Amino acid sequence: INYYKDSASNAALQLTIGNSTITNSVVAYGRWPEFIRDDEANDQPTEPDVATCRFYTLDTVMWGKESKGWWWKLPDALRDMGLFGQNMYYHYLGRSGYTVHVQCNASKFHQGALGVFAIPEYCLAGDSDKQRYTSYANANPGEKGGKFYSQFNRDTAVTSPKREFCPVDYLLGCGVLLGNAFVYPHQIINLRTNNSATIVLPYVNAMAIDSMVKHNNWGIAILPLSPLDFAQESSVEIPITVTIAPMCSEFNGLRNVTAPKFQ
Amino acid sequence: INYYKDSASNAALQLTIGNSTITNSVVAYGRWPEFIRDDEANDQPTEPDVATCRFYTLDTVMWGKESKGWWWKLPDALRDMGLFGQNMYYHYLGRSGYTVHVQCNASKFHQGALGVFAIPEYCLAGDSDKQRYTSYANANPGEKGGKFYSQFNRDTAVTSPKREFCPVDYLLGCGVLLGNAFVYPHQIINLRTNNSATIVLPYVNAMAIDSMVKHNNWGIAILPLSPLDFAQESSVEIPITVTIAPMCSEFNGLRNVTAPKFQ
Amino acid sequence: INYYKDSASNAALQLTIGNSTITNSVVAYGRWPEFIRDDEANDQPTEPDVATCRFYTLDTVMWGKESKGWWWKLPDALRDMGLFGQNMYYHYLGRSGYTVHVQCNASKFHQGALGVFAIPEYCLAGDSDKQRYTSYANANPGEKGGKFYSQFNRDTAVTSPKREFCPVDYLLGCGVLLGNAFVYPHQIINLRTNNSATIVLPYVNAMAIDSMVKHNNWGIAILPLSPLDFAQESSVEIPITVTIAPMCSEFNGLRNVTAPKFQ
Amino acid sequence: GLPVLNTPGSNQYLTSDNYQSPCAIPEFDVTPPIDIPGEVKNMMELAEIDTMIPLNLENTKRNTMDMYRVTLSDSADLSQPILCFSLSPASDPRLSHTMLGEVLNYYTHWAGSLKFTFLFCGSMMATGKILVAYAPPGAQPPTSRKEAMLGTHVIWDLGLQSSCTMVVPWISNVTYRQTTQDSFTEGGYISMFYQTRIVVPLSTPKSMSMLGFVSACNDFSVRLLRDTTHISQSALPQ
Amino acid sequence: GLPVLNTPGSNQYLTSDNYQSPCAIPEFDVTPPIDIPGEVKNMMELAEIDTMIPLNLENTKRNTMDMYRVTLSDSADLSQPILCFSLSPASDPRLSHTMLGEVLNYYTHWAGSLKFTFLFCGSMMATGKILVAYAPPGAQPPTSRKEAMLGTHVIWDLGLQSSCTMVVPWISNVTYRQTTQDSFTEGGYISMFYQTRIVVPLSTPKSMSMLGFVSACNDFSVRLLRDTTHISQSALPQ
Amino acid sequence: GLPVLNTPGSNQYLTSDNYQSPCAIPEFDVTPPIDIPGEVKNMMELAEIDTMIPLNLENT
Amino acid sequence: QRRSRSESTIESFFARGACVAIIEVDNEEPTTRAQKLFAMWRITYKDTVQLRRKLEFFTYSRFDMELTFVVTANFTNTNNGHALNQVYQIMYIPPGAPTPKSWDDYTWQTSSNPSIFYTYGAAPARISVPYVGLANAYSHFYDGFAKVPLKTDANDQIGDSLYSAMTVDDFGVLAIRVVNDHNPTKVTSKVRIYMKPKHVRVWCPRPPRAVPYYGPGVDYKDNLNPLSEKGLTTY
Amino acid sequence: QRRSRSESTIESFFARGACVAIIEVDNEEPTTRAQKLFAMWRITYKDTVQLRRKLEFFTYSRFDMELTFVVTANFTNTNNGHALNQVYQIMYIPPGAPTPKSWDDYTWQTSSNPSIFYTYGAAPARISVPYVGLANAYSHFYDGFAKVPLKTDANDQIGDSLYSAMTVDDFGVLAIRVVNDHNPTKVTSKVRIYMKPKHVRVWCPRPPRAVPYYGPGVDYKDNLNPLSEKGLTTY
Ligand SMILES: CCO/N=C/c1ccc(OCC[C@@H](C)CCN2CCN(c3ccncc3)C2=O)cc1
Ligand SMILES: CCO/N=C/c1ccc(OCC[C@@H](C)CCN2CCN(c3ccncc3)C2=O)cc1
Ligand SMILES: N[C@@H](CCC(=O)N[C@@H](CS)C(=O)NCC(=O)O)C(=O)O
Ligand SMILES: N[C@@H](CCC(=O)N[C@@H](CS)C(=O)NCC(=O)O)C(=O)O
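Protein chains in written order, with the UniProt record's numbering: chain A, 30 to 41, 83 to 93, 99 to 117, 120 to 340; chain B, 30 to 41, 83 to 93, 99 to 117, 120 to 340; chain C, 30 to 41, 83 to 93, 99 to 117, 120 to 340; chain D, 341 to 578; chain E, 341 to 578; chain F, 341 to 400; chain G, 644 to 878; chain H, 644 to 878.
Pasting the structure below:
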């Protein structure tokens, strides 16, 4: 029998989106993106349908024998993509899901394997003795993204510290073994079987809607699980491309435009 | 389950009154004055109908640029008004509600604002280091009332202390910020919109009936929220008048007349 | 809920009697004398009907200006009255109620007031430093009774202590203010209105029946509430008479006669 | 066994607590009671019994029989009061030691009406008229018949009736009054005056005595039991 | 007797506990209550009452009547704001000491919409138009009418109406906001600007005063009772 | 667990108390009784038996 | 509603624990001279005055009783070491039962007499007692004697008895001792007894005492001027 | 669901134990000079400011009370030995009842006054009290006097009384003593009293205090500049 009143006291193929078309997919946590429901809110939202929910292509990168990996942050990577960025900077609160498509083509005589991982609340480690001293500009590279490293290079500057991340490939840049990174939503591109990967990411956060400028909801990490090789050539390089499509995006809190200082 | 027997142990327009007529109103706490009910009493009461429930006009005051405010106490202000005062002094117990009407007229080229506040159990601060040393005579000025001040002037007399109040305008004379005085029943007279104010005060006290001589039930405070001005003249003065009508008055405990010593 | 078995543990005109006739009455505690009931006893009782239930008249006393009061004890005062005393001394256990009649006559030009009080378990104070040292003979004066005093006269004898009571009029002889003596059954004789008093006393005791020799059940106290006066004469004296009638008397425990030593 | 949690107040002794305790003499044959006259159920029953008032507390008369008597005469000043006191049942010296006052001194709050009685003990040939007045608090205590008559007053004729009774009703701002002296719970004043005078014929006493009694009515109640100041102790028995 | 087992937390005193205790005055006749005007059931009822805002907290005007007045004139710079503050009901100095702020300082979390009122105390012959704007957080605080108009703004006509009301609705990422200063729970900004200007005729004052009031709406709630910082003590009474 | 409050008299030993206590020899096969002549139910039964009186208590 | 008389009842008037006895007991090395190793107290309520005065409002009474014991101990010196927690024994001796002559005699076996063993530092001890009056009600006042002198008596002392006394030994006594042996340092202790009547019935109300008590009886010696001065015509 | 106002109720707002009194009591050998053997505290909530400020939000109130007592003891020296566990007595003296003049006078018999006996080291003591107001509600603020001077008064002191005071002695006092006798070493102790209102009703809300309290009344002496500086057009 419970005595106290409070409960706490109780003892215990082609995909077309908007005006864009790309020619199996993985759905994160088995949850498709959806709009906010009437039983959860905090004014009239602004919900663009086709002016923002479309595929945007990022800058192509090059994969060689010495490449260690790449990473991007969302919605940071799309801050300068058409009207999506304008709505992001003109509103205090934003929400959206994503569709990520990774393209990399090779021949039958090439070999290699890429692992793509989608990580919620992807926090990276610094490059100095000081803790949590990374700057906003360095933590939001944009569409260019960042790269991984095979060793921890401590910053020796004392007058003008860099205040940058120092990810480590085999620690996933956060102090966890890479082998377990498959616990996150993931895809594998093996050159002998396939040449592309697709993932669908719903909106994940402790709040229904949150600011897009000061908080990044998703991180994308691409790492070479097996080194690239071709016949018996000494040097090999192939392009890797990334495309991202926002889905079911909502904005609220219209006011003057935000102008962050990126360097 | 409760074990102990005692409950305490349990765990937790023209208005005409009498022969007087005056030509929106505010009702304090949404309660109209009423007589005592049969389910609450302690002899035959005396309940004058028209000989005491009528409008009495107090002395007019002058409002200028340097005026800081005025205050009155009820039923003290009506101690010498017709038969109401006689009944007050001929009976041990009294009860009554009030209707207060404040009149102040100006032109369209004047500007200013008056705040009128009705305060139950309005206690004022002294003017000396000694605590609660104010005299009865000084605490009951009568129909003349008192005035506010902008600073605390400590009494330096040691032989013949004045024993008087020292109200401060921005502290409401009781140590509370004036901005919150609107929590009490209140009215605002703005010269550009209206020229009069009306309030209705029911009987409020911890007891159904109480003595009128040694206890004052209500206080009236008038303060200038905005300074008075007229065109570009250096000096401006206008009259302010106050009228009070008792309502539903009861008296009990007939005996010889009381003669307080006012100086 | 009670846990323990024991309850203690539970948490909390002419009046004719016999061959005598006397020509309003007061009944003590509103209880008329009655015989013992079958539901309370401890042999065959002896219950005289007319040989003992009749009026006996005591010795007359004199009331003057300096008189302070008189007192008697019952059944002590009737120890030598006809067959009642014989039955009292021939039996171990006795029980009885009483009717007391006080007579005092004066003229219309006299003035005064007498207070008569019937006291159960009337215990009086001693006249020495020693406590409870009063003798049996002094505590049972008989039909003569005793008198009150206006001051406490300590006995200075050290060789042959008197061992007598020293009642004080204003303390009722027991350390209690006389003004409250009206809590007991009482009568007032005011010479301007009446000339006689009557009281009826039922049997009162912690036991149904008790010995009459070693225990007195009632005490009678007569005190002058107002001094006696007549015209402008210096000395005034009038007689006061007392009559007592036993009622519903029972006796038990027949054996040889008791002969107490009274001096 | 059964899980339990001890709360504040455990292992304390409160003199006013009401709990069960074990019995040291189990299986005791209690003596049955009998019907004894004079059973009392409530203490207020004692306060309803009239008792004399020591009206005269002068230096040479207090603690003496004469303190219960008030003198009256045919040659007294008719413009001066006969007696005067205050309606303080438990704190006034003339009322504190009465049975009502003794009961009240064991309680902190009281409320209700009172009954006063006056008995005239003169000769049958004496005649006169008296005025007994009660004045609620707030004004000057009465000093003359003109002021007293404005209150609650009764006129008493000695010749026709030898006793008079006046009921002081309950009138107060607070629901209960304190039993101690306090100006915020003052009760009023009681006064007496001559109406015409005492008249006597020849060969009759010219001086007489009067007595007073007080009691509580059926609408009397008390609160907040407390110890009294009328009994003290200095040394424990050895 | 009954087997029992004592658990952790026994014989401790928690100031927020709710247990039963014995009564020291059993059988007390409580005075019945009466219907007194002004009964209050919830503290939020006090937060719904409008109270003045000390908008002007300058060095020579704070702690003085003039701190409740904002000056307006017909010769003022139309390109500069009239007043500006932040939507911090409990930490902003201009809002902390209001009744809403006083109530909030006793609680740790708050949520709900707000209502602001502005009263114009000029002459009847004065005319003008004003713009009152609220901007959610995230961007630079507005410094001009062009930036302010992009937010939630209301236009007020002095001549037709002497009072204006603007409702700031609830918009936040978190369900509740802290009552202390914190950039993660920032509320926004409030600004005012001239729309056209103050226009007056001849023989009329060219300067006037304006007053401000704030209150909470019916959708306002608080959490996590806590002590306030507005009252302190240094020495206990002797 | 269940809130409780300790009252006066806790942890005291009264020789006349009547409470339950644990058994130190659980599951004991008690020997059944038999009908023995002379059973006594009340002490007063002994007071009803006549006995001689030492009437003569002289020194010798 | 209307005012009630709930708190003026007899039960409420006596629903309070009143001290009736303070008793001293010491623990130290036994010696030839007099000591306070064990104490005996005669049961009564006339040692104190407050409860006595409250009870004397009536002539006859009938009630059960609740007794509470509070024990407080202390040292006397500092250079003789310390002591361990002590255990106190309280035994009720009715009339006719043997009385102890030492702190460790056979009488403490309490084969039939009830006893309480109290451990220092625990809650105050408590017990309840029923009405144990020989008659149908207790007699606060008794106007009589226990013996009557007779003419045939050889001497006057045969029939001599105290006035207003029923029995010499009534209700027995309470014997208090310290069970523990003596430590090298003396330890003193006081036991306070508090009494509360329960299920109270009373008969024959009487006026209350007005002068200081003097002895078990109604005798008065000093302070016979209770009332104070006051003017006849003074408010 | 939607946000609720459960914790903003009057009951929740006052459902906390607030300290209202710190009282000092000492145990040592009695001497001619002044000592702290027993202490008396006048009951009120104006000694502290937090509960006073919370209650002064309203003009009239009506509630029951819960009181809790926490006792902490300590030594003062080291060369006078030690002491055994002490017992504390707390007695409530209503107006009109006799007050003690010594730590061991008859007034401690508490025949009718309620009392608490507390053993050191046990759980903090606790009691509950009902509404004991003479009127229908407590009056936090009183604008009046207890006496009115009259023209016929002989002197001006007859009608002189303090402003905003109903009764001089209200609600009685609490007397605290140490029952134990004095050990050779002095022992000091502090009793902290915590009050919690229950079943609370309030009337006539008022603005809260803005300047430091000065006396039982509404007087103010110093620190009359509460607000701080801030720019008119500064966010
Ligand atoms: C193991 C120890 O526990 N035993 C305790 C105990 C306590 C009280 C017991 O009874 C003692 C007698 C009481 C019922 C009170 C006797 N009263 C009532 C009447 N009375 C009295 C005294 C003097 N004059 C008249 C009446 C008393 O003193 C018996 C045993
Ligand atoms: C054995 C000891 O236990 N007795 C404890 C006890 C505790 C409190 C008791 O009541 C004291 C009065 C309280 C109900 C609070 C009085 N209040 C309420 C109104 N008030 C106050 C004070 C100053 N100005 C206005 C109102 C107060 O101080 C009575 C007995
Ligand atoms: N430090 C001061 C006493 C401090 C004190 O009494 N503080 C009060 C308020 S100023 C308090 O609330 N004390 C809480 C406590 O320490 O129990 C001294 O002993 O001189
Ligand atoms: N101070 C005295 C003893 C005081 C005493 O025993 N007082 C009695 C009544 S006169 C009492 O009631 N004491 C209460 C107590 O201190 O426990 C002494 O030791 O010489």
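Positions of the beta carbon are idealized from the N, C-alpha and C atoms, including for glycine.
Does at least one heavy atom of ligand 2 sit under 6 Å from the Cβ of E:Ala364?
yes
Please classify A:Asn282: does DSSP put it in a helix, a strand, or coil?
coil
Reducing DSSP to helix, strand and coil, say where G:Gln752 ends up.
G:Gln752: helix per DSSP, three-state reduction.
If contact means a Cβ-Cβ distance below 8 Å, which residues of the stretch 770–784 of chain H contact chain D?
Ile770, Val775, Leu777, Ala778 and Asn779
Starting from the Cα of B:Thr129, find the closest Cα among B:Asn282, B:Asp153, B:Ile92 and B:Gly88 and give me that residue.
B:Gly88
For the alpha helix (DSSP H) containing E:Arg485, list its first residue and its last residue.
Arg485 to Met489
Measuring straight from C-alpha to C-alpha, what distance separates B:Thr123 and B:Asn282?
20 Å
Taking CB distances under 7 Å as the criterion, tell me whether G:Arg676 reaches chain H.
no
Which residues of the stretch 280–301 of chain B have a Cβ closer than 7 Å to any Cβ of chain D? Give them in chain order.
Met284, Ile286, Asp287, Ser288 and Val290
By the criterion of Cβ-Cβ separation under 9 Å, what are the contact partners of G:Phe760 in chain F?
The contacting residues are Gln352, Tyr353, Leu354 and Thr355.
Kindly provide the chain-ordered list of residues whose Cβ lies closer than 5 Å to any non-hydrogen atom of ligand 3.
In chain order, the residues with a C-beta atom nearer than 5 Å to some heavy atom of ligand 3 are E:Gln573 and E:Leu576.
Helix or strand or just coil, what does DSSP make of C:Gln180?
C:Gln180: strand per DSSP, three-state reduction.
Compute the minimum distance between the beta carbon of G:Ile653 and the heavy atoms of ligand 5, and state whether it is under 6 Å.
The model on display carries ligand 1, ligand 2, ligand 3 and ligand 4 but not ligand 5.
Which chain G residues sit within Cβ distance under 7 Å of E:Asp369?
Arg646, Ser647, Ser649 and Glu650
Which residues share a DSSP beta bridge with A:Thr318?
According to DSSP, which records beta bridges pairwise, A:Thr318 is partnered with A:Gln180.
Which residues does DSSP pair with D:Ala475 in a beta bridge?
D:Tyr529
Nearest to E:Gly349 by alpha carbon, out of D:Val344, D:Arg517 and D:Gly349?
Measuring from the Cα of E:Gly349, the nearest candidate turns out to be D:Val344.
Compute the Euclidean distance between the alpha carbons of B:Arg112 and E:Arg563, then round it to the nearest angstrom.
Going by the C-alpha atoms only, they are around 42 Å apart.
Could you name the residues of the same chain whose beta carbon sits closer than 8 Å to that of A:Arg269, not counting the 5 residues immediately before and after it, in chain order?
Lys185 and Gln188, listed in sequence order.
Considering only their Cβ atoms, is the gap separating C:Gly192 from C:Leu302 smaller than 7 Å?
yes
I need the DSSP call for B:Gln84, collapsed to helix, strand or coil.
coil
Could you tell me whether the Cβ of G:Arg852 comes closer than 7 Å to any Cβ of chain H?
no
Taking all protein chains shown into account, do 16 or more other C-beta atoms lie within 10 angstroms of the C-beta of E:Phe524, making it buried, or fewer, making it exposed?
Within 10 angstroms of the beta-carbon of E:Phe524 lie fewer than 16 other beta-carbons, which makes it exposed.
For the stretch 565–578 of chain E against the stretch 685–695 of chain H, do three or more pairs of beta-carbon atoms, one drawn from each stretch, fall closer than 8 Å, so that the two count as touching?
yes
Does DSSP put C:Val127 in a helix, a strand or coil?
coil
Output yes if chain D places a C-beta closer than 7 Å to the C-beta of B:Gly330; else output no.
It does: the Cβ of B:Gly330 has a partner Cβ on chain D nearer than 7 Å.
Within 10 angstroms of its Cβ, does H:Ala797 collect 16 or more other Cβ (buried), or is it exposed?
exposed
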